[PDB]
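In: Structure for this input, please:
(chains A, B, C, D, E, F, G, H, I and J)
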Amino acid sequence: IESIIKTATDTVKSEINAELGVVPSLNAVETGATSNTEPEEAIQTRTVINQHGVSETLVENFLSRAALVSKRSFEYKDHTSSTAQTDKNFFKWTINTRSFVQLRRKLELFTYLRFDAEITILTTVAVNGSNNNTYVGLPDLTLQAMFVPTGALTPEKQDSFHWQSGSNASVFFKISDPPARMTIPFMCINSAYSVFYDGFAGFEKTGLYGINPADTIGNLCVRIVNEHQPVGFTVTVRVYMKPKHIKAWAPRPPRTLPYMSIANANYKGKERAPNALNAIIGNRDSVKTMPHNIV
Amino acid sequence: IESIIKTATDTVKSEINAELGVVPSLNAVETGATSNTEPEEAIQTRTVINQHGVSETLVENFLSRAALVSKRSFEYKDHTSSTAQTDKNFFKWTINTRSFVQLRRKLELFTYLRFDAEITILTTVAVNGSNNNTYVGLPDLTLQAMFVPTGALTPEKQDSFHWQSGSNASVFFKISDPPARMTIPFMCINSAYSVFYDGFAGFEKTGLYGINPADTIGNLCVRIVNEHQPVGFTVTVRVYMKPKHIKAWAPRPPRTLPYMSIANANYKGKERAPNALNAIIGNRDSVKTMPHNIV
Amino acid sequence: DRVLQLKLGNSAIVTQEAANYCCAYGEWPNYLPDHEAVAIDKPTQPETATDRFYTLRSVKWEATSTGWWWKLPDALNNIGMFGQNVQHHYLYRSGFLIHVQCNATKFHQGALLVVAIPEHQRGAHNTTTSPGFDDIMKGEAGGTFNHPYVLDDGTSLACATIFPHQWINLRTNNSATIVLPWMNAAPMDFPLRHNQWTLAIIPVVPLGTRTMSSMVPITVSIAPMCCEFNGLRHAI
Amino acid sequence: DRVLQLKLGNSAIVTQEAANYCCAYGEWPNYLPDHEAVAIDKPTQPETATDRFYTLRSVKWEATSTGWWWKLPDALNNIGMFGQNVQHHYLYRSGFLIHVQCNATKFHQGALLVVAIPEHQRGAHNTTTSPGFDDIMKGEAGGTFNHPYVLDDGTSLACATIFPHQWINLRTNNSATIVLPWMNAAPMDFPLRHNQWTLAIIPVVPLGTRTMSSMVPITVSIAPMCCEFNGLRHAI
Amino acid sequence: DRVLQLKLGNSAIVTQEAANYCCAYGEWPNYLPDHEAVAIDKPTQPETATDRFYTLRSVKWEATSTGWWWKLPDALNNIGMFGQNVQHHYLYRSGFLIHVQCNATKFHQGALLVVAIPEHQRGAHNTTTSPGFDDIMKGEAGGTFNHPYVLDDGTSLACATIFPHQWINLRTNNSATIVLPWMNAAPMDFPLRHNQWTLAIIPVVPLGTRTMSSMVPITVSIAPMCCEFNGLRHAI
Amino acid sequence: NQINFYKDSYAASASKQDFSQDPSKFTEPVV
Amino acid sequence: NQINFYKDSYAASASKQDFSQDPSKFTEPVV
Amino acid sequence: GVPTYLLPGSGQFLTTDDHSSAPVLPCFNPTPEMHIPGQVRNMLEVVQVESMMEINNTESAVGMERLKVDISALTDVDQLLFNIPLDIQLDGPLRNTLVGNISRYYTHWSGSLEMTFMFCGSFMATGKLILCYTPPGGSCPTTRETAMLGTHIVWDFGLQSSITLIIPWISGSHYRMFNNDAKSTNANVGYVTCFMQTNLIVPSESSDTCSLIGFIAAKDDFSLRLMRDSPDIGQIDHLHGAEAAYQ
Amino acid sequence: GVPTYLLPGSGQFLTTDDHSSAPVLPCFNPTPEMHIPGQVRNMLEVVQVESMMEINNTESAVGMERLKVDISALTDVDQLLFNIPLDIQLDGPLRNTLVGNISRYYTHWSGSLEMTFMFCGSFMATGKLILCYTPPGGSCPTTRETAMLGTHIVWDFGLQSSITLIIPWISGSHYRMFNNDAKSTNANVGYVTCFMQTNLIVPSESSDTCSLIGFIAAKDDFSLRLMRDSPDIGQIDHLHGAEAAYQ
Amino acid sequence: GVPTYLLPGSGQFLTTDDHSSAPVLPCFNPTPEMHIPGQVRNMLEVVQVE
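Out: Numbering: from 1, shown residues only, chains lettered A, B, ... in the order given. Shown next is the structure:
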């Protein structure tokens, strides 16, 4: 308690401490972690002043790395001609951390995190080659990114008249521009985002498991403002979220197995070790057989 | 009166208050709303300190959401060749809130609003496919947006010589650029915008009803500065107005039915419930029959 | 319930089964201050002559009565010295002391949301044309509600309680009193071509009784309070 | 090793070969303060009635026992006055005093990482479907571990020590005590459709002995500490 | 007559035509003091959860209705969190806040001596056998009076006014409120096998009206006040 | 927090600081 | 070093200044 | 100053920005503000006022007969009168309320709900009546004894002729949302169920169609948070006057 | 002010930027923070706690039998029990540790490692046992006399039943990295080798499969530096729910 | 300073702007102002005449 430490703690000089009646090293695992520090026993330490970096391993410094959460390469064309559930120039991405396993593992390190989502939407254009179209320049489309809370009706078209944004939060940013550095706040009715939720969203028995109703931030409906071009482009909208203002609670085992589903934590490892169900760590030849040995 | 409250009010501890002669819960509707607070009766409350967000539900925070008020996809071509009332590279949008129902409902929440219109004009380009033209790049047109008050003569051409702007307010902004964040002030001869006006604009009996002559801000004549390109584009100018500096008066019933006309508040609901004329709320099977029940 | 006497001018209204009045928006009516004024003309301020309670045409209340509304000052445009001053002045400022009496027996089951809409921009069903003079400025007789549930403007009766309102629930309320001040964006504005207030009485619960059916009249008495008038011209 | 008496309500647990308890996250359980509360309802705070230690169904420990887990308050959803208050209230706040006794002889070779997972979002092997009610809310009998090594959620038992934990290593520890406080993002939340804590007892080292094989029962006694209840409704 | 609001727990009762309440024997209900207690167990005191007003089954009142009685806590033995605590505890101490509403019209001629008998040792007519469980512990539905004039115990209704009582005379009283404290020789005693209070509502004057006959229900809402519970055991 | 460098007072930031409010205008419009 | 010119406290810079930490919550969660 | 690097959130029209914007009219003095009545400096002043629900959400209830509920003198005791889904977003009785239409603009909502029911009957129409609000977690009750265990309040009609039940703020989280899934811990507020207590006693000369008008308001602790775009209106086509204000 | 020249590092989304960003919700008051337990203000609080290694990295050790190590009463003295590659990044026993999974997010790591081994045996299971940690520079030892010269500690099982060896911070540099080449001066931490000291003495009624459970934690001087992206997870395809949360 | 994000109202020639503009003539001293008669500092001085 009451530790306001900014640097790594310095070790003090240790002597021959061979004392009867008390012992530092023989601790009890069956309470928690142990208190045997370096000059207490097992080594005769030297007084070294420790000036090592603790700011770089802060939990805010750990978690305010803007990583990908949704990469949608939606096809921008006259979708009217022929399109069925084909991202008609707009996708209604329900805001979930869980789509990309790097930042998903970073936020699933902790049970609870209160943070503000610095959402940066980097959008890249590519001319689609299925129609054998020429390059003909990469256009500077103004791309609307409307964040709708839950309960608000998501749009169904590109010109769906729900993009008026009378009260909905939206940004209007072009592609030949810096990306939309927007900050979605702590959009939770509870005091933290329950990244893990051992409960059901609905009061009914048939509700989906693991999705916190408090953590339904909503949908980030991203659309193309201007009308369809005669040449089709593949607009790839990559939304990157930087957990800013980090307050984390209850650190957890990291997810060792490869992720399977967004909505739950269902697991199946690789076919052998490493990161397998029956063997998380890659197996050695024997218990005493030592790998990566200089000889 | 004299309430300068910034957070939600905390409730105090309530006990068994079974007292003869006075009662909190049995109020009189036929004056106004009731004063029965939570620790007064009907519950034995606990002292909870309330730190909930009231800044997010401020009327300025409610109303300074920049929503769409005019989306004109006017066709930018050599209109001279063949065009009749076809937005010859310019449209004279008379500035009305009422075109898009989201911000129209937000401003028709209140009878009167004094505000400054932060007008952001986001303009998107699309190559028109009726002539089967190629993409050939999206051009960076400088687009003049001249706001003319009423009484000033609106232009009739693209090069109409009324775009000189000797005294008229205009912005000259390109499309490969941030949008024109301009603020039109409180352009009303009265002390508020009468969003509803139970009166006639003219002194004659044949004047149009509901249009306040004080709230005629004017026309926002938006044009293309440079001359016509051989390839036709569909310039879509979306003007978004953020009611800034909000002072609202006399809150009203929100518009439940779908809107019909800009100039008046004529109504016709959907063909059944919800939001219908004979049934605003979607009907249940019976009065005691309860929908959305966990069983 | 609560007795209440409203004495302005020669007129006085005494009600024995009313509730507390409805001083609207926390604002008692007042004349134009030297700061809020916009018209250099001296106001007429014809007190007593125009602050009288003007008892309007009482509309009959039946089981199928949808609703009635009166626009202020269009309901008082041709009535009394206030009507003469309204016709003789181009600018006006007057609050209104609404008193609506619905004298029904104690066996009568019904209620009236007597609501005072500021700037009731009325709509028309199934047509995009704006309402004319014959659909808006009915005058002293007032206009009925074809669709009172939508409040005849596309909005909602359910939420009409954000407006200056009482109820004339015939259990323990036979008269309701709404004290409207001056309310417009302009400090003074043309009376005969604008309705700053619109008093609407809607049978939210229609009159009911298995007792002798007796015309339950909806007696409307609007006293224009704190009367001000600028721009003395001919009788428009 | 260390004697320890836990006296709450009528129940009391005395253990002679336990270690120090596991006051979780440096937080003793407490009621909702007047600042952290979100429900105006007065809490039931049914102390003594719901702070009793509730001895659950003791699961048998064998050599092939993979693991067992209990979700709080799902393990106590239908047990005692805490179960009655959980069924009768929509909002609840209770810490938990875990005491798990594994009475084995001094010749017994085994250990149990008795871990208390906050919000054990369990996964299912080889299918992307979410676990249902029959795979999550087993109730008082609890649920076994099909894959305890991955902690049945895709994570890792090895790192489960970041959680409130002890060990019931049968060398010098027959009973372990974990003092869970209230832990949720919400101050109070629905008990029957959420598990704020999940106590999991995993035979990390399986029971071993060349001595008389005797059912080594894993007696689980969870005392719901500092009980609070809002939203008094029917028995859900 | 006198308005009265009784706010305990989440429940609240507002009556507009009641008299003053009936704080019984000059004694407001209270918990057991440290001197009057006899059970070392900590009481549950499940306030709010068991101090709620419990609206019972409303019995119909006709012209031939002799009487109805409810025994406390037998009327609340299986109702709500008080019923759960009564089943889960062997010792209990609770006063009762009786509120009986008889909503009848102003044209109705009748009265109810709503009497609260402490230890109504009921008798049986023409037999010397003691009444059984089916003649005493009817439960939430309550028991009717075969002979209310003799108060069903050999005594007298005429003198039943020495008991905590009001009247629900339908002239100017539609609701009556009796505030029973804890009353037994023991400070705490078994709820499911003893009735410390017995609330009896007797149509001393039977309902009369030449008006539309309408079921005049006798809505009984007993709030167990100042609840205390010792001896936490299984659900008996 | 205000970057109002223009010469007009209307062109400033959206003033989300009017925390004072009088609910008795519409809740209790009596006496 | 903070260029927070917005009117919301959440929209500020990422506060990498919470140097205080209590490791005894998880290392020594006893007594 | 001179060294300026552009942020990733540049050139973005964040609809909810507050950045100062160029004055189009350069020395424009606005109109002097007069003391207009009814200034609403916070929408939570609009929600704190009464608003009728449509209790009869019934196909037979056409137009005017939706706000009122015709209760009669039933011959059975402990009868259910009506149940209100206290769901502001799920187009229930509340949706069309000043606490519900405004909270349909907000994803998050919190605070204690006011529940004020007036009796639109005769003076001789008497009878106690009970407003059971139950916290969510079970089904909506249909009988009195399973609903009186929750937040209930007995209402004799009397003289004031209107009760104000107060919905308490019971939630595990700090803000119930409008997730469009009524049956969601984070979305369900509970059920307000109305029952006969001592039956509606009416004389012969009074009508046996006595009517209840309810209102739901907000309290001084009520709060709405994430602002969304209300699903009440729908612009599936351009309104009249579009392509004409453009002219 | 007005004269502003754009830097070369403009318009760049540096994933690790801290620049303030526009508030999407403009007067959004967030939820009040309650005192949730277990706030981790620094990951070095997570690494300072115990975490089992998988000592049996063996194909025969399937599932549960990887954390424990079955040692027996060997008939030879000075026998090697197990060796732990103290390599956090080279997918060794440590990788799956809260000092190792978190340090797999960081290119640089420093500080003294905790090495706490508990004995999961019977009470009558006795025997001294020695945990040799040798600094890097030679091969991993297989005999006792060539390993006791390093950082060793003799552990009689006794009553507390768990020793805590402390790995000292021996390095030429200030921070051992995770260069993915265990055999690198700047990457190798050394070898922790476990030996019999006085043999595992077990009675007949106790099992001769007595088990050691080890943990590696961190100390208060431990520090991680350059943050990388852990190679533990791999998104070779889109997860389930992708193209469905998009819907 | 260094962290600068472009507003939506950037690169716009608002005809009615008052933003300072680069001096084309760099140390240009203008003509000294003489007391010319009839300075109109407000058009409302022109309108106040017959």
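In: ok, residue A:110 - how many residues close by?
Out: Neighbour count for residue A:110, taken as other C-beta atoms under 10 Å in any protein chain shown: 28. For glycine as for every other residue, the C-beta is placed from the backbone atoms N, C-alpha and C.
In: who does it bridge with?
Out: On the basis of DSSP bridges, residue A:110 is bridged to residue A:251.
In: Now do it against residue I:109, distance only.
Out: 21 Å (C-beta to C-beta, to the nearest Å).
In: Residue C:188 now?
Out: According to C-beta to C-beta, residue C:188 stands 79 Å off from residue I:109.
In: Could you find the closest non-adjacent residue to residue H:121?
Out: residue H:210 (3.8 Å; C-beta to C-beta, 6 or more residues apart in numbering or on different chains).
In: Please give me every residue in contact with residue A:11.
Out: By C-beta atoms under 8 Å, 6 or more residues apart in numbering or on different chains, the residues touching residue A:11 are A:37, A:38, A:39, A:45, A:46, A:47, A:48, A:50, I:112, I:221.
In: now do residue H:91
Out: Going by C-beta under 8 Å, 6+ apart, residue H:91 touches B:274, B:281, B:282.
In: which stretch of helix or strand covers the spatially closest residue to residue C:37 that is not a sequence neighbour?
Out: Among residues not flanking residue C:37 along the chain, residue C:187 sits closest, at 6.1 Å (C-beta to C-beta, 6+ apart). Assigned by DSSP states H and E, residue C:187 falls within no helix or strand.
In: same question, residue A:263
Out: Going by DSSP H and E, residue A:263 is not in any helix or strand.
In: State whether it and residue A:98 are indeed in contact, as I suppose.
Out: Yes - using C-beta atoms under 8 Å, residue A:263 is in contact with residue A:98, at 7.5 Å.
In: Burial check on residue 13, number of neighbours?
Out: You didn't pick a chain, so chain A it is. 10.
In: wrong chain, I was asking about chain F
Out: 22.
In: Secondary structure class of it, three-state.
Out: Under DSSP: H, G, I helix; E, B strand; the rest coil, residue F:13 falls in the coil class.
In: for the one 5 residues further on, same thing?
Out: Assigned state for residue F:18: coil (three-state reduction, three-state DSSP).
In: for it, what are its contacts?
Out: Residue F:18 neighbours (C-beta under 8 Å, 6+ apart): B:58, B:59, B:60, H:41.
In: Sitting in helices, which of the residues you listed do you find?
Out: The helices, defined by DSSP state H, take in B:59, B:60 from these.
In: farthest-separated two in the contacts of residue F:18?
Out: B:60 and H:41 (8.2 Å; C-beta to C-beta).
In: List phi and psi for residue 134.
Out: All of this refers to chain A. For residue A:134, the backbone dihedrals (degrees, to the nearest 10) come out as phi -80, psi 170.
In: Correction: the question concerned chain C.
Out: phi -80, psi -10.
In: Over to residue C:103?
Out: Per degrees, to the nearest 10, the backbone of residue C:103 is at phi -80, psi 100.
In: one step back: intersection of neighbour lists for residue A:263 and residue A:98?
Out: Residues touching both residue A:263 and residue A:98 (C-beta under 8 Å, 6+ apart) are residue I:241.
In: Those two: which is more packed in?
Out: The residue with more neighbours, out of residue A:263 and residue A:98, is residue A:98; 24 against 20, by other C-beta under 10 Å.
In: Tell me how many other residues crowd residue A:40.
Out: By other C-beta under 10 Å, 17 other residues sit near residue A:40.
In: hang on, isn't it packed against residue A:24?
Out: Yes - the criterion here is C-beta under 8 Å, and residue A:40 meets it with residue A:24 at 3.7 Å.
In: ok, residue B:60 and residue H:41, which is more surrounded?
Out: residue B:60 (24 against 19).
In: Output the longest strand belonging to chain C.
Out: strand C:216-232 (DSSP state E).
In: Chain A against chain J: which residues are in contact?
Out: A:172, A:178, A:181 (C-beta under 8 Å from any C-beta of the partner chain).
In: Reformat the contacts of residue H:91 as TSV; add secondary structure, neighbour count and distance to chain A.
Out: Below are the contacts of residue H:91 laid out as TSV (DSSP: H, G, I helix; E, B strand; the rest coil; neighbours: other C-beta atoms under 10 Å in any protein chain shown; distance: C-beta to the nearest C-beta, whole Å):
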residue	secondary structure	neighbour count	distance to chain A
B:274	coil	18	12
B:281	coil	27	16
B:282	coil	18	14
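In: Give me the phi and psi angles of the residue nearest to the spatial centre of chain C.
Out: Central residue of chain C (C-alpha atoms, centre = their mean): residue C:199, 3.5 Å from the mean position. The phi/psi pair for residue C:199 (degrees, to the nearest 10) reads phi -80, psi 120.
In: Could you pull up the residues touching it?
Out: With C-beta under 8 Å, 6+ apart, residue C:199 has these contacts: C:69-72, C:75, C:96, C:98, C:100, C:114-117, C:178, C:180, C:220, C:222.
In: If anything else comes up later, I'll come back, but that's it for now.
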